[PDB]
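>>> Sequence below, structure please.
(12 chains, ligands or ions: 3)
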Amino acid sequence: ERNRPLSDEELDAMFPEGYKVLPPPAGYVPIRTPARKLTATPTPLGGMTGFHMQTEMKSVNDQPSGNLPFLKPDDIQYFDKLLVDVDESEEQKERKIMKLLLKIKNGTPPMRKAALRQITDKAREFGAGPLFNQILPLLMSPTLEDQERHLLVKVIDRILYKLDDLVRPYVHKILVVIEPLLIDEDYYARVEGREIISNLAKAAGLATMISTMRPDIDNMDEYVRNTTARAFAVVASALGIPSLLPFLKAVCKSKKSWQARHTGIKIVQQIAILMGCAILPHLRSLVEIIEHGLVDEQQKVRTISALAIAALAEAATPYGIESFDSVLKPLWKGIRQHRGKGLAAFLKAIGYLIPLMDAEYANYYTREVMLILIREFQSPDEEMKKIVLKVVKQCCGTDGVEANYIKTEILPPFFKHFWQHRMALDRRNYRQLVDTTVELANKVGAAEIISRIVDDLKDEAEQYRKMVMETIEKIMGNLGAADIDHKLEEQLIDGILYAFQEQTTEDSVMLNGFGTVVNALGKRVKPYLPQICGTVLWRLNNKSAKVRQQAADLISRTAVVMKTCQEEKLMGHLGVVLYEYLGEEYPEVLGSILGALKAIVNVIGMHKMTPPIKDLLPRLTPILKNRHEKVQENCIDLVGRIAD
Amino acid sequence: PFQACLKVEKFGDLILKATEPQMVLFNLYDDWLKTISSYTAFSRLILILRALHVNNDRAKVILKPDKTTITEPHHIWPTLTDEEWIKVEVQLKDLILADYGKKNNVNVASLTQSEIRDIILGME
Amino acid sequence: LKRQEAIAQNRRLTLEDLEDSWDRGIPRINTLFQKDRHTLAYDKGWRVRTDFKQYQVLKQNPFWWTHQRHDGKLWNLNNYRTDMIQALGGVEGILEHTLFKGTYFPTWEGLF
Amino acid sequence: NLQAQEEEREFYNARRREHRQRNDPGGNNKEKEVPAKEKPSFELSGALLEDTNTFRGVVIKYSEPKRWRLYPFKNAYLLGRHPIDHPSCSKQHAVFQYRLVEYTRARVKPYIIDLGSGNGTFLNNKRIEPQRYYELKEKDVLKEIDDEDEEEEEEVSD
Amino acid sequence: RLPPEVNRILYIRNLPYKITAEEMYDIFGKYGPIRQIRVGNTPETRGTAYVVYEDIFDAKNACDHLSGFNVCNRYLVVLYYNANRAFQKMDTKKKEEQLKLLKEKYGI
Amino acid sequence: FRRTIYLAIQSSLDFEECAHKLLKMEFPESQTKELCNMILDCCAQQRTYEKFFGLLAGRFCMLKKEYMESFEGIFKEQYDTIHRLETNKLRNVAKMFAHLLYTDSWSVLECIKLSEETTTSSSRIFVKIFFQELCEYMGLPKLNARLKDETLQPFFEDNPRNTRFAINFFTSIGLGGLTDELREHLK
Amino acid sequence: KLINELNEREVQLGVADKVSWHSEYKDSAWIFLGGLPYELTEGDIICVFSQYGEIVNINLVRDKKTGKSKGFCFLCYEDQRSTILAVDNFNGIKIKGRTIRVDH
Amino acid sequence: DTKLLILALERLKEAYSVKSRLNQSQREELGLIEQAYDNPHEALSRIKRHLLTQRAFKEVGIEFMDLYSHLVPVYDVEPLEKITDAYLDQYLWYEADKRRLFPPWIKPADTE
Amino acid sequence: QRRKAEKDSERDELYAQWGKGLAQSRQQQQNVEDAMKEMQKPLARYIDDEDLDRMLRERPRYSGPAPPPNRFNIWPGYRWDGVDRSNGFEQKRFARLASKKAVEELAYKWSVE
Amino acid sequence: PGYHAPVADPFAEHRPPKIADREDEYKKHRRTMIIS
Amino acid sequence: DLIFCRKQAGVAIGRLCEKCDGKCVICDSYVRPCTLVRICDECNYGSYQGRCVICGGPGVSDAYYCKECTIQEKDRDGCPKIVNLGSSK
Amino acid sequence: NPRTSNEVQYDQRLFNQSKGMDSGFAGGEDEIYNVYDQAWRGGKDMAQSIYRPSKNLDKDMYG
Ligand SMILES: [Zn+2]
Ligand SMILES: [Zn+2]
Ligand SMILES: [Zn+2]
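Numbering: from 1, shown residues only, chains lettered A, B, ... in the order given. Ligands and ions are numbered 1, 2, ... in the order given. Take a look:
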């Protein structure tokens, strides 16, 4: 590995200019040769160290000139040239003055600003060569920060708004550091990266990019192949699909090795994701490229291929069905014979396809897919479950599918295998599950789905409760509460109160959930009020900072319902009770209180306010000093409503 | 369930051994009133009695879980800490509700809080 | 001794065999197990700096002699509170002097 | 009815297990739980280098009775043929793994352990059988039969 | 049991302008055999040196014990030297002859 | 009665005051068993050994002849719970009887026995401590006297085996300087 | 690889035990070890995974004709908490250079 | 080094731990110490720079704490020199204890 | 076909009883013994005999070294390799849970002020 | 003392609160990339 | 870094979030909402359904143009959905 | 190859319980309070929630 012995040309390869190799003796060199043998031998021998008591020059260097903001102990290696104070005697003075970088990296924000401009206007002067030579090591640094990274990205942008023909030799030398930005956990890092590669490719020439980036296609590591694929995606967004087509179409037919074709196909995909809706014109040519990989002897190429078809169709949302046409008949056939991930991938593709077919052809074809779809619910693969999930959305969310068939065949296994505590803890699986369940409700109706998932409101874990809660929310949002019967409605309101009574974190899902449930139920909720508001007051105490704000907001969103049903005692309650909390010292609570008052003002009118405005308003007036935000917001709002 | 209170070994034994009509006193709260309110001790009491009334010996499993758990002669029920009391209370609620729903063929995760409170506390 | 027996057994010691002495000893043996213990191993002369804090800082420290981080907590008064409440007649009798029945709280078990 | 099934099973060690768990090659003689260097055990003895216990090695070429070097044992050691073995030996009779010398705790005491070298090893011109730790005492001698070299052990004193 | 960033090369600084490679080889020669050592002979780089060993763990024990180690009045700056940066001054070539050799001698 | 005792004892500094407070109250005498049972339990149950609760039990004896008896009884009552009590409170007891017995509130011991036959590993530790405390006062010489005139048998014998258990066990305790004569007897 | 990030969302959010997704099962000992090295065999994987329990019986899938491992094994312990411990613990492990996967 | 600097900074933070609105100079002290946590190596280098150079410091405030018997001098320094001096002290005591400078008979000692 | 269908079916009994957790089943069994205690011991307190001996004491199994602590405290099997192979999530999970306990206390210390 | 010495970073606590490593074992091959 | 996409204006209605709700897009002003916003489904699609024209949150309302930009006829140019000069997501 | 170390040293469950450094307790200010280490009752001590219902555990462990 990295410990493999080296050669003197390889030795001259690493270190920069201006250093000498030394023998001191031939004898000390023979000590260095015996040192290996003596690393074992002399370590097994007499040795020790000691110190004597005796009375006692101390040179050192920070970065002095006037100021020179501080150097981390490692960064010395980069900035050492600045440390020496030799000054005032060509290019060496341009590298020396280029340490303004250091002012960009570390220092006060003003130093970073002024430095940044000063180096922007010196672009044309210094040229890209010295800059990148003195930058790319820093942006390559193993100790690099988050901020420092981002800032060096900024300077690379700002200098690349100017330099155009100049960067041609450095393009690859740039991308090598930049392509790792495309695959990252941070999103803003990704949009930045795509931006600066856009500026680079458009900045340089097409042939510059192409001729540059070929050798990374067959590179042994797949990492560079992947991030390189996303690179071609970005540059293709820059210079357009048709310009870059013949390159690709040449790549996917390369007869050398498969890895290339794998890369190029991945490129087709990432183009599909990036360009998205705008793929539309060249969709045909793209398909005509990719189609030849589905039948290939290698597996990967097949998998990633069909996946790329998926991405296409998903950005192809319905149009261009016949362009996918010739692709189908193999795919369906493959649907029969496959085991493992490739199968699921095909299911992904076909899944996004079906909405694009005709309800007659897609009738047959769909009815065929449903079987395998059923059988495959049970696989432990989470990739599997994602795919087959979204599939069930598209297949069974089709207007040309019959309710009763779903009600019988699907729902029982669906709620059996899919609703479990493996899913909800994950993020994507959470969301997608929510959506699919929402759509199944959109077809089979409301009372079914809800009726089966109500009992889970009372389940122990939060995240699960959160999941079924937001599900009920969206469902009753779309279909309406009219379908719901009586008993299941009792289980509803009790479920929602119960779940709402235990809140580990502060979040809207439970609240918006409750509000939507009630406003959807309309005045069918009336018998349930006293239980509600009893809970609302008792919770309205509890232990302060957590739940006060939340119960308050609950009032705020339940105002209109507590109004139209004409419970006036309740308005007395909320009016003077909330009136009393206006002396609460915790701002985050008080804000929610004022909000609740606001919502109560928009239901019961001016002259009917149980806390007559003469009381209220001057009691509000002193609060305006309150600094912290939410108070000022809601307060000024309410003073606005009443003042208006 | 003041009847099941005589299922306890001490009371039933005392009565069956009694040779004359006589008034005897007991404290069913033991020392609880030190750490808790009266009424809450009353809820704990009802839980204990009812639970003795339904599954009997299994409630005794809850109340006599570990042989290192002891009961003092001055007291009717074993000495426990507040954490321990909350746990055994949950277990007793579990006994009552589980068997009620087992008799009435009801899924007892579906019952309400009002229903549960009624079932435990008395006749609905 | 507990270290030596652990050495000969090769099995490291658990919490329970130390549960006996856990709070006991002038160094307050539990102070070995402080999370930040490293840092404190490199602190020296703390006890004298506390003596000279009276000159650096205006306020008057009664606890100057010790520090809980090196020496642990040398007393536990938790009993004194319980016995105090007992001597006054228990929770209820005390509350009988208060407004508590005014607040209409069901119980005092949740007073916070 | 000779071989019913052609494969069956194993229930046996894997080369990558014992491989990965010991590598300089893979080695044998993983140190026991006791092993500790001698100097720190002279620190728990409260001994500066003057009164400390350091085992120095002494060489005599078996044909001619002194020092090609002198070796400390204080800094276990792998006695082998030379690269893998730390204590390399020019002796052409030593198997690629010949023997090992581990200081153990019973007190900090020196121990010699044969790895089952094909020829063997002689202790005071008297061999020891393989696969057991054999304590060594000062002035004892190492070379199974007549061996291009000799060795002696000395504690540091006087 | 090592951090990946450390490498067989160490950048060493806070050196005198008179310093001798005899002291260099002697001192640094404790931890292992020297692959080689360079020293700046140029106006800016005078006072700096690079040490390279046959093995990394050599350098690890080095920076372990040699951390802030003393020479003359000075405490040397001992850091693990970076990689890449300025390289391409040299090229990738001359692989053909050696690879032809290993393809010839062993025949593989 | 049990609660009043606790409050009177927790209230008073010194050990003198609690007796005065307690006697003063003139609570009924027969209970003069359980009361003292109270003191032995109340501190021993209390977390760590404290000098106060042990002194109190003793004075309460010198004032009335019965109180002494009440104690010796309560020491007997231990046999049943010699195994049963958990291995802290033995640390309070062993000493805690150590301080009644160094100061003469010894032969009541004899009831206690050394056998693998019946001794609780609890009881093993109990007695173990009891000596490692009482020794530390009398200093193993006055203890030589007190034993030599004691005639403690179930402890000190037949049963050469039990003489290995005895003598060995007092090499384990570590004192084992009052085990000599028995060593000779082994021979 | 996805497991370890589910255990991090389970620990980070303060899931607190029994709602744990190992309570998903309660019925099952047998564990799934995929991505195993081909040189491995019964006695080996038994010796490594008897760490967290006592494994009663394991069937490792080895291709019938060639008689070599297909690369994964279904195992069965004597104890479930051994399974919970093993999935939650032994996963993401290096063996012979390749990281094994485990799950219920 | 980080160990020492951390200890000293905590020590300084301990005087203000109750933290009412304090005042301006104190505010400077909290903000500057807080600064020292974020960029420690900066603080250490600045400190060593002071220790190698500056021989002239700023004026110290003085006030008397009143014990009603004997007054106690109280000194006030600018925060920079307080952090510098503090690290100087943790370091000096640390090296001192390592080297066994002070014989045992000097006993405002850490051990007891 | 009786003995054969009882090879497959009685193997459904065998691998069915084996499937779940042989270790788990025995623990369940112990509870069954507990029910027996109830019939004779309706409301046991103290000195009654089971408690007596109870407080009157206070198949290869793996030998070597020690087995790192497992939340559930299970000694490793007979022939276990004797080497810790883990992600360390136990410790860290083990350590973190402990840390929280410190957190609840230093959370409180806050409250009095 | 030697026993307490047998019982013998927070800056690495607060400093690591600034930024992060964030990355897996798969991505760190970045560190092996030489310039052009 | 931030500039219009200026693809052809379709029939799709504009969608603004909480934040941007009141703003007329080009004049940056709240005055005299009059006419209505149109952007292409190329700019508004999918995850962009009911998305903010600006920040990328869910649209709670519809943008109205001012009278100022009306008479100067700027509302008739390419779809004024701002694209960052990276992707749009 | 076992993973061995000299001696044993200590377990883990405890080896990281109490805070670190922290330092005593203010210069010694009056305002602090802080005399008691644990709260009085178990109302807020005993659990985050006094009540949660379910028969999930019930009907699972029931059989
Ligand atoms: Zn557009
Ligand atoms: Zn917006
Ligand atoms: Zn406008």
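
>>> The closest residue to chain L within chain I: what secondary structure?
Here chain I gets closest to chain L at one residue, residue I:112, 3.8 Å apart by C-beta to the nearest C-beta. For the C-beta atoms, the positions are set from N, CA and C on the backbone; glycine is no exception. For residue I:112, the assignment made with DSSP: H, G, I helix; E, B strand; the rest coil gives coil.

>>> And for residue E:1?
coil.

>>> Ok, the one 10 residues further on next?
Look at residue E:11: counting by three-state DSSP, its state is strand.

>>> what's the burial count for the residue nearest to it when sequence neighbours are not counted?
Nearest residue to residue E:11, sequence neighbours excluded (C-beta to C-beta, 6 or more residues apart in numbering or on different chains): residue E:81, at 4.4 Å. Residue E:81 has 19 neighbours, counted by other C-beta atoms under 10 Å in any protein chain shown.

>>> dump the residue contacts of residue E:81.
A:77, E:7, E:9, E:10, E:11, E:50 (C-beta atoms under 8 Å, 6 or more residues apart in numbering or on different chains).

>>> how does it look with 10 Å?
A:14-15, A:77, E:6-12, E:50-52, E:59 (C-beta atoms under 10 Å, 6 or more residues apart in numbering or on different chains).

>>> Nearest spatial neighbour of residue 31, chain-adjacent residues omitted?
Defaulting to chain A. residue E:29 (5.9 Å).

>>> oops, I was thinking of chain K
residue K:66 (5.6 Å).

>>> buried ones in stretch D:16-23?
Going by neighbour count (16 or more other C-beta atoms under 10 Å in any protein chain shown), the buried part of stretch D:16-23 is D:16, D:17, D:18, D:21.

>>> measure the residue positioned nearest the centre of chain H to residue A:619 for me?
By C-alpha atoms, centre = their mean, the mean C-alpha position of chain H lies nearest to residue H:86, the distance being 2.9 Å. Residue H:86 sits 50 Å away from residue A:619, taking C-beta to C-beta, to the nearest Å as the criterion.

>>> next one: residue I:11
80 Å.

>>> Who has more neighbours out of the two?
residue A:619 (14 against 11).

>>> phi, psi of the more buried one?
phi -70, psi -30 (degrees, to the nearest 10).

>>> For residue 82, pull up the helix or strand it's in.
Reading this off chain A. Assigned by DSSP states H and E, residue A:82 falls within helix A:76-83.

>>> switch to chain H, that's the one I care about
helix H:79-99.

>>> Please see if that helix touches chain C.
Yes - contact between helix H:79-99 and chain C, assessed by C-beta under 10 Å from any C-beta of the partner chain, occurs at H:82, H:86, H:89, H:90, H:91, H:92, H:93, H:94, H:95, H:96, H:97, H:98.

>>> List the contacts of the first one.
If a contact means C-beta under 10 Å, 6+ apart, then residue H:82 has C:56, H:8, H:12, H:29, H:32, H:33, H:76 as its contacts.

>>> Please apply the same query to the fourth one.
The neighbourhood of residue H:90, defined by C-beta under 10 Å, 6+ apart, consists of C:42-46, C:49, H:3-9, H:11.

>>> so what's the closest residue to ligand 1 within chain E up against?
Going by C-beta to the ion, ligand 1 is nearest to residue E:84 of chain E, at 41.3 Å. Shown in contact with residue E:84 (C-beta under 10 Å, 6+ apart): A:14, A:136, A:137, A:140, A:176, A:177, J:31, J:32, J:33, J:34, J:35, J:36.

>>> Please name every helix or strand in contact with whatever helix or strand the second one lives in.
Here residue A:136 sits within helix A:128-139, counting by DSSP H and E. In terms of contacts (3 or more C-beta pairs under 10 Å, 6 or more residues apart in numbering or on different chains; DSSP states H and E), helix A:128-139 is packed against helix A:76-83, helix A:91-97, helix A:100-105, helix A:147-160, helix A:171-182.

>>> Any chance of TSV for those helices, columns mean neighbour count and distance to chain J?
Shown next, in TSV, are the helices and strands packed on helix A:128-139 (neighbours: other C-beta atoms under 10 Å in any protein chain shown; distance: least, C-beta to the nearest C-beta, whole Å):
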stretch	mean neighbour count	distance to chain J
helix A:76-83	18	14
helix A:91-97	13	16
helix A:100-105	21	13
helix A:147-160	18	7
helix A:171-182	21	4
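
>>> Helix or strand: which one has the residue nearest to the spatial centre of chain I?
Centroid-nearest residue in chain I, with C-alpha atoms, centre = their mean: residue I:72, separated by 5.8 Å. Using DSSP H and E, residue I:72 sits in no helix or strand.

>>> these two touch, right, it and residue G:53?
Yes - if you go by C-beta atoms under 10 Å, residue I:72 and residue G:53 touch, sitting 9.2 Å apart.

>>> give me the residue from the stretch 351-500 of chain A nearest chain H.
Counting by C-beta to the nearest C-beta, the stretch 351-500 of chain A gets nearest chain H through residue A:427, at 31.8 Å.

>>> and that residue, what is it in contact with?
G:5, G:9.

>>> Now do the SS call for residue D:111.
strand.

>>> Same question for residue B:15.
Reduced to three states by three-state DSSP, residue B:15 is helix.

>>> Now do the strands for chain K: every range, in order, please.
Remark: strands assigned in chain K by DSSP state E are K:2-4, K:12-13, K:38-39, K:82-84.

>>> Figure out which of these is closest to residue A:249.
strand K:82-84 (28.3 Å; C-beta to C-beta).

>>> now that closest one, how far from the centre of its chain.
10 Å (C-alpha atoms, centre = their mean, to the nearest Å).

>>> Could you check how many residues crowd around residue A:188?
Per other C-beta under 10 Å, the neighbour tally for residue A:188 reads 10.
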